[PDB]
Amino acid sequence: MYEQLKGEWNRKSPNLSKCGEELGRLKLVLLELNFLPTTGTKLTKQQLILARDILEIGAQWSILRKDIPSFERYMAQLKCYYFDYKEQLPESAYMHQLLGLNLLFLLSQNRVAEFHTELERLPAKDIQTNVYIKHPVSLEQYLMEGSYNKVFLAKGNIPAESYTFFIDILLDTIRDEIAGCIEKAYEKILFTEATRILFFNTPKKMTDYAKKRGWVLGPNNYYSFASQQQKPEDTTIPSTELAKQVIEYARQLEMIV
Amino acid sequence: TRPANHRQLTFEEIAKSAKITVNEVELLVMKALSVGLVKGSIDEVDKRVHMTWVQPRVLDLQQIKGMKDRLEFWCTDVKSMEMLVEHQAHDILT
Amino acid sequence: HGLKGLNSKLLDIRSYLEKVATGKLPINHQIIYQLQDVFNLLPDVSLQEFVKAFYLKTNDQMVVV
């Protein structure tokens, strides 16, 4: 029953229009029943188990079309199906890898606190196995180490782990946080770290990242003549400001009487 | 004429002021300082003055410094801060 | 000092035109400039070199405070 949603599984979605039709039929499934208003009627929850599989493939389509807001809605919905108590829910091969894909996605949106929250989210998966889950946890160790040093290793770690679209997102989320350092003439080459943005000693491809918006991100002084960083410094003129702070604290000690 | 800021000036300006060579002014500023008509503090880093007591024979122009350029305007600022002390501790004033 | 001291200085600042208009003279009574210059023992503007001393008055203010 509820075909087309499960009907196109063999032809996943070569056409983006098929994904749009799938969304409309999924909306009709929402018309039939809410995602999980209550834990009662486990048979309706069994129908939702079929829905989980179509959503899991649908999330892969969202990554294939690089959807962000729709993917966010689908990812939250997939997490809610895992949220459902549904003890009857069977182990899903799609579920294990996609939770790992979600862990990689958290790195893409720079939700570092959430990334550890996801590492916590599957303690039994993390244990030692779940190689799909393992690649983002290894990437997390690399990320605190600085993804730039091991980014080449991370890129070649798996040619295909069902993360082929996700590794493209990982290339998109290459860290440029190393930008707060001297570069261009003063450092000249930062290719030694191996991050894609600072990779390449001086060619136009390196120049495109290096001289983007004039200089990498583009705010602040030009890196070639940059004084190491913003170099804001501090002064003892604040004593007058501290005198203003002194008025408030001292008056209060007297105010108490 | 200049209190602080512009009062501090380069040795070369004093060299022009004493109509003497800049190398000579290193020797010359000391002679001018020696007269010590007015007690002050003098730094020879740039021969900047930033000195203490001075007696002007008369004030320049219409005493523009004496108006909101220096005096009066600062006094207006103080009373607003005095009001801030009152606001900070109105109950204590009683 | 904030208001009454300002008021006497304000009378002289008004006098720059008002002393010309009705006062004996803005440029008169040596002490008008001489005493004011004595009051301006501190420079009155910009660098000042008083609370901006840093190594001097500022460092001492912290030790005593």
# chains A, B, ... in the order shown; residues from 1 in each chain; ligands from 1

$ closest_atom_pairs --of "chain C" --to "chain B" --cutoff "6 Å" --atoms "only C-alpha atoms" --output "tab-separated table"
residue	atom	partner	partner_atom	distance
C:2	CA	B:79	CA	4.5
C:6	CA	B:75	CA	5.2
C:9	CA	B:72	CA	5.9
C:10	CA	B:72	CA	5.8
C:13	CA	B:67	CA	4.7
C:16	CA	B:62	CA	5.9
C:33	CA	B:59	CA	5.9
C:43	CA	B:3	CA	4.4
C:44	CA	B:70	CA	5.8
C:46	CA	B:5	CA	5.9
C:47	CA	B:5	CA	5.1
C:48	CA	B:4	CA	5.2

$ closest_atom_pairs --of "chain C" --to "chain A" --cutoff "7 Å" --atoms "only C-alpha atoms" --output "CSV"
residue,atom,partner,partner_atom,distance
C:52,CA,A:237,CA,6.5
C:54,CA,A:236,CA,6.3
C:58,CA,A:239,CA,6.9

$ closest_atom_pairs --of "chain B" --to "chain A" --cutoff "9 Å" --atoms "only C-alpha atoms" --output "JSON lines"
{"residue": "B:85", "atom": "CA", "partner": "A:247", "partner_atom": "CA", "distance": 7.9}
{"residue": "B:88", "atom": "CA", "partner": "A:248", "partner_atom": "CA", "distance": 7.2}
{"residue": "B:89", "atom": "CA", "partner": "A:255", "partner_atom": "CA", "distance": 6.9}
{"residue": "B:91", "atom": "CA", "partner": "A:255", "partner_atom": "CA", "distance": 8.1}
{"residue": "B:92", "atom": "CA", "partner": "A:255", "partner_atom": "CA", "distance": 6.2}

$ residues_around --residues "residue 54 in chain A" --least-positions-apart "6" --cutoff "9 Å" --atoms "only C-alpha atoms" --output "PyMOL selection string"
chain A and resi 5-6+9+22+26

$ write_last_selection --atoms "N, CA, C and O atoms" --output "compact mmCIF listing (two decimals), in the first residue's frame"
# COMPACT_ATOMS: atom_id res chain seq x y z
N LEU A 5 5.69 6.08 -3.24
CA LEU A 5 6.65 6.47 -2.18
C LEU A 5 7.67 5.34 -2.07
O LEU A 5 8.88 5.63 -2.02
N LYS A 6 7.20 4.09 -2.06
CA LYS A 6 8.13 2.92 -2.04
C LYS A 6 8.30 2.41 -3.48
O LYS A 6 9.22 1.61 -3.70
N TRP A 9 11.74 3.22 -5.33
CA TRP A 9 12.98 2.87 -4.59
C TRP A 9 14.05 2.34 -5.55
O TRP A 9 15.23 2.71 -5.37
N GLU A 22 7.44 12.88 -4.50
CA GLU A 22 7.57 12.05 -3.28
C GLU A 22 7.18 12.91 -2.07
O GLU A 22 6.47 12.41 -1.19
N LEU A 26 4.31 12.19 0.55
CA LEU A 26 4.68 12.14 1.99
C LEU A 26 3.76 13.09 2.76
O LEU A 26 3.38 12.75 3.89

$ residues_around --residues "range 30-40 of chain A" --least-positions-apart "4" --cutoff "10 Å" --atoms "only C-alpha atoms" --output "JSON, numbers by chain"
{"A": [24, 25, 26, 44, 45, 47, 48, 51, 77, 80, 81, 83, 84, 85, 86]}

$ write_last_selection --atoms "N, CA and C atoms" --output "PDB file, in the first residue's frame"
ATOM      1  N   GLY A  24       5.109  15.471  -1.968  1.00  0.00           N
ATOM      2  CA  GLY A  24       3.649  15.664  -1.955  1.00  0.00           C
ATOM      3  C   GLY A  24       2.939  14.433  -1.422  1.00  0.00           C
ATOM      4  N   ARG A  25       3.367  13.242  -1.849  1.00  0.00           N
ATOM      5  CA  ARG A  25       2.775  11.973  -1.345  1.00  0.00           C
ATOM      6  C   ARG A  25       3.105  11.808   0.142  1.00  0.00           C
ATOM      7  N   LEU A  26       4.315  12.191   0.553  1.00  0.00           N
ATOM      8  CA  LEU A  26       4.678  12.137   1.994  1.00  0.00           C
ATOM      9  C   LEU A  26       3.759  13.089   2.760  1.00  0.00           C
ATOM     10  N   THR A  44      -0.112   1.257  13.268  1.00  0.00           N
ATOM     11  CA  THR A  44       0.087   2.515  12.497  1.00  0.00           C
ATOM     12  C   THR A  44       1.581   2.847  12.528  1.00  0.00           C
ATOM     13  N   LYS A  45       2.242   2.589  13.659  1.00  0.00           N
ATOM     14  CA  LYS A  45       3.708   2.814  13.772  1.00  0.00           C
ATOM     15  C   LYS A  45       4.435   1.885  12.792  1.00  0.00           C
ATOM     16  N   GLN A  47       3.297   1.072   9.890  1.00  0.00           N
ATOM     17  CA  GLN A  47       3.177   1.813   8.604  1.00  0.00           C
ATOM     18  C   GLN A  47       4.253   2.904   8.590  1.00  0.00           C
ATOM     19  N   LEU A  48       4.473   3.557   9.734  1.00  0.00           N
ATOM     20  CA  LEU A  48       5.517   4.612   9.846  1.00  0.00           C
ATOM     21  C   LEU A  48       6.907   4.000   9.630  1.00  0.00           C
ATOM     22  N   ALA A  51       7.488   4.258   6.241  1.00  0.00           N
ATOM     23  CA  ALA A  51       7.748   5.696   5.998  1.00  0.00           C
ATOM     24  C   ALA A  51       9.211   6.029   6.323  1.00  0.00           C
ATOM     25  N   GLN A  77      13.067  15.000  10.984  1.00  0.00           N
ATOM     26  CA  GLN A  77      11.987  13.982  10.936  1.00  0.00           C
ATOM     27  C   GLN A  77      12.576  12.577  11.130  1.00  0.00           C
ATOM     28  N   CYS A  80      13.350  12.150  14.642  1.00  0.00           N
ATOM     29  CA  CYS A  80      12.076  11.946  15.383  1.00  0.00           C
ATOM     30  C   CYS A  80      11.600  10.497  15.260  1.00  0.00           C
ATOM     31  N   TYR A  81      11.780   9.871  14.095  1.00  0.00           N
ATOM     32  CA  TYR A  81      11.415   8.436  13.973  1.00  0.00           C
ATOM     33  C   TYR A  81      12.295   7.628  14.927  1.00  0.00           C
ATOM     34  N   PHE A  83      13.504   8.929  17.519  1.00  0.00           N
ATOM     35  CA  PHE A  83      12.959   9.399  18.820  1.00  0.00           C
ATOM     36  C   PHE A  83      11.780   8.509  19.219  1.00  0.00           C
ATOM     37  N   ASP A  84      10.978   8.078  18.243  1.00  0.00           N
ATOM     38  CA  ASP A  84       9.761   7.289  18.565  1.00  0.00           C
ATOM     39  C   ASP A  84      10.197   6.066  19.372  1.00  0.00           C
ATOM     40  N   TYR A  85       9.461   5.745  20.443  1.00  0.00           N
ATOM     41  CA  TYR A  85       9.868   4.620  21.325  1.00  0.00           C
ATOM     42  C   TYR A  85       9.894   3.353  20.474  1.00  0.00           C
ATOM     43  N   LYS A  86       8.893   3.168  19.606  1.00  0.00           N
ATOM     44  CA  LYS A  86       8.851   2.019  18.657  1.00  0.00           C
ATOM     45  C   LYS A  86       9.885   0.943  19.008  1.00  0.00           C
TER      46      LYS A  86
END

$ atom_distance --atom1 "CA of residue 11 in chain B" --atom2 "CA of residue 46 in chain B"
5.4 Å

$ atom_distance --atom1 "CA of residue 86 in chain B" --atom2 "CA of residue 8 in chain C"
23.1 Å

$ select_by_dssp --residues "range 11-90 of chain B" --states "helix (DSSP H, G or I)" --output "NGL selection string"
:B and (11-17 or 22-35 or 65-69 or 73-88 or 90)

$ atom_distance --atom1 "CA of residue 116 in chain A" --atom2 "CA of residue 140 in chain A"
8.3 Å

$ residues_around --residues "range 25-31 of chain B" --least-positions-apart "2" --cutoff "12 Å" --atoms "only C-alpha atoms" --output "list in words"
residues 10, 11, 12, 13, 14, 15, 16, 17, 18, 19, 20, 21, 22, 23, 33, 34, 35, 36, 37, 42, 43, 44, 45, 46, 47, 48 and 49 of chain B

$ write_last_selection --atoms "N, CA, C and O atoms" --output "compact mmCIF listing (two decimals), in the first residue's frame"
# COMPACT_ATOMS: atom_id res chain seq x y z
N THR B 10 58.74 69.40 18.15
CA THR B 10 60.03 68.79 17.72
C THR B 10 61.20 69.74 17.99
O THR B 10 60.96 70.95 18.12
N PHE B 11 62.41 69.18 18.09
CA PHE B 11 63.62 70.01 18.29
C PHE B 11 63.79 70.96 17.10
O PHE B 11 64.24 72.09 17.31
N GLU B 12 63.46 70.49 15.89
CA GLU B 12 63.64 71.31 14.66
C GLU B 12 62.77 72.57 14.75
O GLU B 12 63.23 73.64 14.31
N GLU B 13 61.55 72.45 15.28
CA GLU B 13 60.68 73.64 15.44
C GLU B 13 61.35 74.61 16.41
O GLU B 13 61.32 75.81 16.14
N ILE B 14 61.93 74.10 17.50
CA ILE B 14 62.69 74.96 18.46
C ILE B 14 63.90 75.53 17.73
O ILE B 14 64.27 76.68 18.00
N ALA B 15 64.53 74.74 16.85
CA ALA B 15 65.67 75.24 16.06
C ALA B 15 65.19 76.40 15.20
O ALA B 15 65.87 77.44 15.17
N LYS B 16 64.03 76.26 14.55
CA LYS B 16 63.46 77.40 13.79
C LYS B 16 63.10 78.50 14.78
O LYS B 16 63.38 79.67 14.47
N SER B 17 62.54 78.15 15.95
CA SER B 17 62.12 79.13 16.98
C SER B 17 63.33 79.92 17.51
O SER B 17 63.17 81.12 17.80
N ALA B 18 64.47 79.25 17.67
CA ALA B 18 65.70 79.93 18.13
C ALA B 18 66.50 80.39 16.91
O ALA B 18 67.64 80.86 17.12
N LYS B 19 65.97 80.18 15.70
CA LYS B 19 66.66 80.57 14.43
C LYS B 19 68.08 79.98 14.43
O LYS B 19 69.02 80.70 14.04
N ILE B 20 68.21 78.72 14.82
CA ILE B 20 69.55 78.07 14.92
C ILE B 20 69.46 76.70 14.23
O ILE B 20 68.33 76.24 13.98
N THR B 21 70.60 76.10 13.87
CA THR B 21 70.62 74.79 13.17
C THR B 21 70.05 73.71 14.10
O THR B 21 70.16 73.89 15.32
N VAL B 22 69.44 72.66 13.54
CA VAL B 22 68.83 71.58 14.37
C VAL B 22 69.92 70.90 15.20
O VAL B 22 69.69 70.66 16.40
N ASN B 23 71.08 70.62 14.60
CA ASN B 23 72.20 70.04 15.38
C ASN B 23 72.61 71.06 16.45
O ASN B 23 72.83 70.64 17.61
N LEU B 33 66.72 76.72 27.90
CA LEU B 33 66.18 76.08 29.12
C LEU B 33 66.89 76.70 30.32
O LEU B 33 66.23 76.88 31.36
N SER B 34 68.17 77.01 30.16
CA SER B 34 68.95 77.50 31.32
C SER B 34 68.30 78.76 31.88
O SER B 34 68.10 78.80 33.10
N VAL B 35 67.81 79.65 31.04
CA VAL B 35 67.30 80.94 31.60
C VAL B 35 66.27 80.58 32.67
O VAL B 35 66.27 81.24 33.73
N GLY B 36 65.44 79.57 32.41
CA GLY B 36 64.52 79.11 33.47
C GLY B 36 63.69 80.26 34.00
O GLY B 36 63.54 80.37 35.23
N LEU B 37 63.18 81.09 33.09
CA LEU B 37 62.27 82.19 33.52
C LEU B 37 61.04 81.54 34.16
O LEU B 37 60.57 82.05 35.19
N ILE B 42 60.77 69.50 31.08
CA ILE B 42 61.13 69.48 29.63
C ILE B 42 61.76 68.13 29.28
O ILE B 42 62.68 67.71 30.00
N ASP B 43 61.29 67.51 28.20
CA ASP B 43 61.83 66.19 27.78
C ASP B 43 62.63 66.41 26.50
O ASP B 43 62.13 67.10 25.61
N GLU B 44 63.83 65.84 26.42
CA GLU B 44 64.70 66.09 25.24
C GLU B 44 64.54 64.93 24.25
O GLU B 44 65.40 64.80 23.36
N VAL B 45 63.51 64.09 24.42
CA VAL B 45 63.27 63.01 23.42
C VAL B 45 63.03 63.68 22.06
O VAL B 45 63.68 63.28 21.08
N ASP B 46 62.16 64.70 22.02
CA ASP B 46 61.95 65.49 20.78
C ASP B 46 62.11 66.96 21.17
O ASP B 46 61.69 67.81 20.37
N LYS B 47 62.65 67.23 22.35
CA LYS B 47 62.73 68.62 22.87
C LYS B 47 61.30 69.10 23.11
O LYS B 47 61.07 70.32 23.10
N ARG B 48 60.39 68.16 23.34
CA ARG B 48 58.97 68.50 23.60
C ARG B 48 58.89 69.22 24.94
O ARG B 48 59.69 68.89 25.83
N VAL B 49 57.95 70.15 25.08
CA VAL B 49 57.92 70.94 26.35
C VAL B 49 57.04 70.21 27.37
O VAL B 49 57.63 69.58 28.25
